[PDB]
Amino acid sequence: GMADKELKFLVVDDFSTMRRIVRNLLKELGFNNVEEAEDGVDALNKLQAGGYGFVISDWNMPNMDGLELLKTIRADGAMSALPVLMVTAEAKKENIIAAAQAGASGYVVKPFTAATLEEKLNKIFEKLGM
């Protein structure tokens, strides 16, 4: 819920309904510049076009999962610093630690509300100095 309301989000989830949920919560908070991807490879293909400012990624996706997507983002020169918020159905100490070591900006359990998403985005913005 930072003031840069045109920050371009990539919402990554293999469930169309989950992408629509995140897309609608972001809209409620004032973020309308949003694109969607269905797995890690889809997401990287769209990220290569440039201009993205925030990634919200499902942890469990086929072909390329959220952890491998995050690792590929952090290894990319031009995207190295992109915020990545990981989304999971269940919080597990080991998943959270592995995500943190791979550079995850944050971690949220679904289903979540607009207030909770707003809280996660702010905390990430504040942590990174945005």
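Start at 1 and count along the sequence shown; that's the residue number.
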- Note on the structure: Taking the deposited Cα B-factors and averaging over 84 to 92 and over 62 to 70, the higher mean is found in 84 to 92
- Message: Mean CA temperature factor from the deposited coordinates, higher in 72 to 80 or in 35 to 43?
- Response: 72 to 80
- Candidate set 103, 30, 50, 53 [ranked by C-alpha B-factor, highest]: 50
- Binned into thirds over the chain's modelled residues, the C-alpha B-factor of residue 15 lands in the middle
- Note on the structure: residue 122: C-alpha B-factor third of its chain, per the entry, is the highest
